Visitor: 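The structure under discussion is supplied below as structure tokens; questions concerning it will follow.
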Amino acid sequence: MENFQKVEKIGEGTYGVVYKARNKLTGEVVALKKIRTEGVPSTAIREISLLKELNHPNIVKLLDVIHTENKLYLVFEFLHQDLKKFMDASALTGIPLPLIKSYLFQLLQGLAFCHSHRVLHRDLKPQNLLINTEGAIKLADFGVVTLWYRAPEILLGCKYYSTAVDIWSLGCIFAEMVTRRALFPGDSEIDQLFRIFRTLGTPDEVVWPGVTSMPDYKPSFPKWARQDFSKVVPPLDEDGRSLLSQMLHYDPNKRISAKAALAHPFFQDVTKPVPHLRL
Ligand SMILES: CCN(CC)C(=O)c1ccc(Nc2nc(OCC3CCCCC3)c3[nH]cnc3n2)cc1
């Protein structure tokens, strides 16, 4: 409130409001996240302080953690646009495929890094994915909410998330970049789940061992069949469709890791193009 000249609200995330701000001494422009409650517990400050060492060029740098008074502010490197806006700005033509590829490759590297340190994101979405004028894309935030990108194990009530929930969300985002429609626009938990079911078929014990004994699994679920995958993401080529489907496996254990996804044939001719951004 003292050290930081608020320039503008850029929105609210799940655990607080985010401002573009200017550091009053250093002149640095930064993303200021105010966190909002019973005094700011011991646990959270420690966990958050771990994230100051989670540094990768595809992860939005956490610059500073300020616990002052009762209050907690997170200070981040500011990026100029999010992918949501950039997709809206690209609706008429679609993001060029080489750019889509580059972005996916980069995010998978950010995930591979975070995952090898046992940190998950758990709410990856187009509003969380941040781009600059140099052709880079970064993951933001590791601590009405949208369900479009929730993994089916989360919706089916598994308490113990794995790295595979991020692979799932990334898969949904990939598809969305490619088709310019959201893959699974659920407006509630069951709507989300049944939209997943309609496209990939109701999962069973064959494709997902252990599924029928999950907390919110119901034997009364409608049993839809898998839709053809070339129907789902035209005009994604065969390499991309193949990679997509390994990212969208029901069973989190069969779901491709970030690291293996980086080795997929889809990325053989990957490049880093520079987009046109209107700021
Ligand atoms: C359509 C106009 N907008 C505003 C919607 C933009 O395109 C836009 C958006 C964001 C940035 N920059 C930005 N945003 C963050 O967080 C944003 C929150 C993430 C969690 C969910 C809610 C939003 C950041 N965190 C760390 N560095 C950040 N940099 C620049 C321009």
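All residue numbers in this chain count up from 1 along the given sequence. Atoms within a ligand are numbered from 1 in the order they appear, just like the ligands themselves. Just so it is clear, the values below take in all heavy atoms, side chains as well, and ignore hydrogens, waters and symmetry mates.
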Visitor: Return yes or no for this condition: an N or O of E77 is under 3.5 Å from an N or O of ligand 1.
Guide: yes
Visitor: Do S169 side-chain atoms and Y149 backbone N/O form a donor-acceptor pair below 3.5 Å?
Guide: yes
Visitor: Of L63, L130, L279, which has the heavy atom at the shortest distance from atom 24 (C) of ligand 1?
Guide: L130
Visitor: Do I48 and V119 share a hydrophobic cluster (ILVMFWY, side-chain heavy atoms under 4.5 Å, transitive)?
Guide: yes
Visitor: If we count only non-hydrogen protein atoms and require a distance under 4.0 Å, does atom 2 (C) of ligand 1 qualify as touching the protein?
Guide: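 Protein heavy atom within 4.0 Å of atom 2 (C) of ligand 1: absent.
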Visitor: What residue and heavy atom of the protein are closest to atom 21 (C) of ligand 1, and at what distance?
Guide: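 Protein heavy atom at minimum distance: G13 CA, 3.7 Å.
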Visitor: Let me confirm one number: the CD1-CH2 distance from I154 to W168, rounded to the nearest 0.5 Å.
Guide: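 With rounding to 0.5 Å, CD1 (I154) is 10.5 Å from CH2 (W168).
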Visitor: Given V30, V17, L277, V18, which has its nearest heavy atom closest to atom 17 (C) of ligand 1?
Guide: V18
Visitor: Using a strict cut-off of 4.0 Å, indicate which atoms of ligand 1 neighbour a heavy atom of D141.
Guide: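 Listed by number with element, the hits are 20 (C).
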Visitor: Does only the side chain of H80 get under 4.0 Å from ligand 1, or the backbone, or both, or neither? Count heavy atoms.
Guide: backbone
Visitor: Does any N or O in the side chain of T202 come within less than 3.5 Å of the main-chain N or O of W224, such that one atom is a donor and the other an acceptor?
Guide: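 Yes, because the side chain of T202 sits within donor-acceptor range (under 3.5 Å) of the backbone of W224.
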Visitor: Only heavy atoms of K85, strictly under 4.0 Å: list the atoms of ligand 1 that pass.
Guide: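 Reading through ligand 1 atom by atom, the close ones are 1 (C), 7 (O).
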Visitor: Could you tell me which atoms of ligand 1, counted from 1 in the order shown, lie closer than 4.0 angstrom to a heavy atom of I10?
Guide: 4 (C), 5 (C), 13 (C), 14 (N)
Visitor: Is any NZ, NE, NH1 or NH2 atom of the basic residue among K125 and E176 found under 4.0 Å from an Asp or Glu carboxylate oxygen of the other?
Guide: no
Visitor: Is the closest N or O pair between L79 and ligand 1 shorter than 3.5 Å?
Guide: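 Yes, there is a polar N/O contact under 3.5 Å.
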Visitor: Closer than 4.0 Å to some heavy atom of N128 - which atoms of ligand 1 meet that?
Guide: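 Here the atoms of ligand 1 in question are 20 (C).
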Visitor: So is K20 touching ligand 1 or not, going by heavy atoms under 4.0 Å?
Guide: no
Visitor: Measuring centre to centre across the rings, with the benzene-like ring taken for any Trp, is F174 within less than 6.0 Å of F266?
Guide: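 So the answer is yes for these two rings.
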Visitor: Using heavy atoms and a 4.0 Å limit, tell me yes or no: is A31 in contact with ligand 1?
Guide: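 Flag set, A31 near ligand 1.
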Visitor: Any donor and acceptor pair, going by atom type alone, linking the side chain of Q81 with main-chain N or O of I131 inside 3.5 Å?
Guide: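 No; judged by distance alone, with no hydrogens or angles, the pair does not exist.
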Visitor: For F197 and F221, take the angle between the two ring planes, folded into 0 to 90°, and tell me which bin it lands in: parallel under 30, tilted 30 to 60, perpendicular over 60.
Guide: perpendicular
Visitor: After noting the C-alpha distance and the side-chain angles of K33 and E12, does the key distance pass the salt bridge (charged side-chain N to carboxylate O under 4.0 Å, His left out) rule?
Guide: CA-CA 9 Å; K33 198 185 218 291; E12 19 258 323; over 6 Å; no
Visitor: For ligand 1, which atoms, with element, lie under 4.0 Å from some heavy atom of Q127?
Guide: 19 (C)
Visitor: Can you see which heavy atom on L63 is nearest to which on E28, and at what distance?
Guide: CD1-OE2, 3.7 Å
Visitor: Keeping the roles fixed (side chain from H264, backbone from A260), state whether a donor-acceptor pair exists under 3.5 Å.
Guide: no
Visitor: Closest non-hydrogen protein atom to atom 6 (C) of ligand 1, residue and atom name please, with distance?
Guide: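 Sorting protein heavy atoms by distance from atom 6 (C) of ligand 1 puts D82 OD2, 4.0 Å first.
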Visitor: Considering only heavy atoms, does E12 approach ligand 1 within less than 4.0 Å through its side chain, its backbone, both, or neither?
Guide: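 Contact part for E12 vs ligand 1: backbone (N, CA, C, O).
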Visitor: Give the numbers and elements of all ligand 1 atoms closer than 4.0 Å to a heavy atom of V60.
Guide: 26 (C), 27 (N)
